[PDB]
Colleague: 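Okay, here's the structure, questions in a sec.
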6 protein chains.
Amino acid sequence: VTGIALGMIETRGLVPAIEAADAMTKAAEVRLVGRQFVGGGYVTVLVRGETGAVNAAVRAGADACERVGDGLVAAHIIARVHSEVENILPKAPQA
Amino acid sequence: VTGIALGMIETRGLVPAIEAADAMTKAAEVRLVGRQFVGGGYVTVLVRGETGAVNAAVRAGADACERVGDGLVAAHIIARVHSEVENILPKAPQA
Amino acid sequence: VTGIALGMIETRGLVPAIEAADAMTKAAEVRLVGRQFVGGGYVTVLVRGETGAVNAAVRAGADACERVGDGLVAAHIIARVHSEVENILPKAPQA
Amino acid sequence: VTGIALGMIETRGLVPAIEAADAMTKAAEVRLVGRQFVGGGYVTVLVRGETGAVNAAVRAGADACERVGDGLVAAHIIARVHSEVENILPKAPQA
Amino acid sequence: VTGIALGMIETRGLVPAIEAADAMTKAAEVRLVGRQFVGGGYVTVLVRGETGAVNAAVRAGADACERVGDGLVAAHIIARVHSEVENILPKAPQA
Amino acid sequence: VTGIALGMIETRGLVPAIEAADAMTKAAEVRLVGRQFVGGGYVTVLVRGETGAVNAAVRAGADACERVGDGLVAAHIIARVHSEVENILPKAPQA
């Protein structure tokens with residue numbers, strides 16, 4: 001609900017990205033704040049939550065999406081982003 | 001009509017994606033909720049329905065579209081997406 | 001004028017796509033309803049008409065555009081798309 | 001001024017496309033009606049004019065742009081596009 | 001706060017770009033002014049600050065993001081951009 | 001200020017493009033009128049000025065940006081574009 005850690009998975013294609021998003025949100029209490037079409041085929045899903053939650057989420061999403069479609073590019077956690085980085089992070093996705 | 005399972009096919013190009021969409025919707029009672037241009041040439045079609053419907057649909061779409069154009073990237077089902085994932089799923093496509 | 005069959009050609013680049021569109025529309029009575037920039041360099045042109053018209057059109061467009069530029073990716077006909085698929089098909093192109 | 005033939009050059013990148021556009025418009029009396037970013041790096045420039053004008057233009061643009069940057073993909077003329085194809089052709093570019 | 005030097009990192013994918021942005025902003029007093037989706041999968045993050053700040057920032061971001069996802073494309077500093085270049089530089093990002 | 005020659009550099013990525021823009025504007029009296037994301041990763045920067053200015057600018061930008069990131073695709077000058085080509089040239093960039 002109120003944690004500020006950031007979890008991020010980037011995939012080749014939207015399908016593995018949606019699998020990642022589902023596995024992450026089912027794995028721990030994290031909020032899905034963005035899904036971004038990057039260009040070139042990259043898609044990135046972003047979650048916010050407490051450190052431990054985001055840790056468990058990212059690990060789960062990564063294990064899940066590497067088997068789907070063109071797969072996984074990156075799985076990363078930043079437990080406390082600098083206040084400046086909030087300027088580039090999505091507050092809610094657009095669907 | 002009211003099922004919440006999710007079916008997804010991602011293709012290289014729009015043509016196999018439209019074949020996928022037609023085969024899926026003809027294969028079982030599923031609703032076509034989105035067609036997404038991902039970037040890089042990826043296109044993803046998304047269907048919602050009951051679990052068994054989405055199962056049959058995805059299987060049909062996958063068999064159909066792998067023979068068309070540049071073909072199939074991914075075919076996947078999530079029978080119950082986390083409530084958070086609804087935030088990134090299209091409610092209706094844009095044409 | 002009133003036929004609901006669907007003809008589709010996908011090309012690498014816009015130029016072969018315009019050649020495809022011209023050959024298809026000159027080959028039989030079909031309506032050009034969409035030209036779509038897919039991402040990655042894919043372009044897809046879509047025609048509607050009666051079954052026989054769309055058959056002749058797609059065959060003509062395919063023979064024509066494979067010799068132009070980066071060429072042909074896919075040529076496909078769906079003689080009756082499921083009512084659900086109409087949700088993703090363009091009603092008129094944008095130029 | 002009033003001719004309806006269509007000249008088209010597709011290039012890898014915008015720079016050779018601008019060279020193409022300049023060579024075509026300097027080579028014969030043709031009107032520059034569109035420059036289109038296709039995705040994947042393809043750019044297409046479109047000219048309208050009388051048949052002979054468009055013939056000379058396309059030949060000139062093609063010779064000119066193949067030496068610039070990533071070069072030429074396609075050079076093509078359609079002397080009379082079907083009335084349906086007008087629906088997908090740009091009336092004026094956007095800059 | 002008031003320095004006009006420019007720091008820039010370009011990455012393959014958004015995830016390494018967000019890592020870059022975090023490392024740069026944590027490394028020295030710089031302002032994150034832009035994150036740009038370039039097409040093809042390139043993402044570029046831009047920081048402004050005093051010369052020494054931007055120097056330290058870019059070095060930190062570069063060391064950080066080369067280990068994340070598809071990695072680093074470019075890391076560059078322009079300590080005083082020409083007044084003309086301000087016309088193409090983002091004033092604040094969009095998230 | 002009032003010259004109509006055109007200088008153009010196309011790069012793989014935005015970073016070398018910004019280096020190009022800075023080197024060109026510092027090298028001679030030219031105005032930066034556009035920076036264009038082309039798709040596929042191509043970026044093109046456009047300068048206007050007198051012939052000699054644009055000559056010196058393009059040469060400087062080219063030497064500068066080939067060492068940055070994924071580098072240089074094309075460097076080109078058109079000393080007097082046809083009046084028709086003005087229709088596709090940017091009047092000012094968007095940042």
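Atom set for the values below is all heavy atoms of this structure, side chains included, hydrogens, waters and symmetry mates excluded. Every chain is numbered from 1 and lettered A, B, ... according to where its sequence line falls, protein lines coming before strand lines.
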Colleague: Look at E86(C) together with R48(C) and state whether they make a salt bridge at an N to O cut-off of under 4.0 Å.
Modeller: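 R48(C) and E86(C): salt-bridged.
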Colleague: Checking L89(C) against chain B: side chain, backbone, both or neither under 4.5 Å from a heavy atom?
Modeller: both
Colleague: For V30(B), is it the side chain, the backbone, both or neither that has a heavy atom under 4.5 Å from a heavy atom of chain C?
Modeller: backbone
Colleague: Let me know if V15(B) has heavy atoms under 4.5 Å from chain C in its side chain, its backbone, both or neither.
Modeller: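 Both backbone and side chain.
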Colleague: Given heavy-atom pairs under 4.5 angstrom as the criterion, report whether the side chain, backbone, both or neither of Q36(C) touches chain B.
Modeller: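 The side chain, not the backbone.
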Colleague: Do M8(C) and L14(B) pass the side chain to side chain contact (heavy atoms under 4.5 Å, CB included) test, and can you show the C-alpha distance, the side-chain angles, and the key distance before you say yes or no?
Modeller: CA-CA 9 Å; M8(C) 297 173 302; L14(B) 177 54; over 6 Å; no
Colleague: For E66(C), does the CD atom sit with more than 12 other heavy atoms under 6.0 Å from it, leaving out its own atoms?
Modeller: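 Enclosed.
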Colleague: Taking side chain as everything from C-beta outward and backbone as N, CA, C, O, which of these in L46(C) sits under 4.5 Å from a heavy atom of chain B? Side chain, backbone, both or neither.
Modeller: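 When you check distances to chain B, only side chain atoms of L46(C) fall under 4.5 Å.
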Colleague: Check whether the side chains of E84(C) and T25(B) place a donor and an acceptor atom closer than 3.5 Å, and report yes or no.
Modeller: no
Colleague: So which of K26(B), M24(B), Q94(B) has the largest heavy-atom pair count under 4.5 angstrom toward chain C?
Modeller: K26(B)
Colleague: Among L72(C), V81(C), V43(C), who wins on heavy-atom pairs under 4.5 Å with chain B?
Modeller: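 Going by pairs under 4.5 Å, I would pick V81(C).
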Colleague: Not counting sequence neighbours, which residues clear side chain to side chain contact (heavy atoms under 4.5 Å, CB included) with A64(C)? List them please.
Modeller: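 With neighbours one apart ignored, the set is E19(C), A23(C).
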Colleague: Using a cut-off of under 4.5 Å for heavy-atom pairs, which of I9(C), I78(C), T44(C) has the most such pairs with chain B?
Modeller: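 Of the candidates given, the most pairs with chain B belong to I78(C).
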Colleague: A side-chain contact here means heavy atoms from C-beta on lying under 4.5 Å apart; do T11(C) and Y42(C) qualify?
Modeller: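 Counting from C-beta outward, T11(C) and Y42(C) never come under 4.5 Å.
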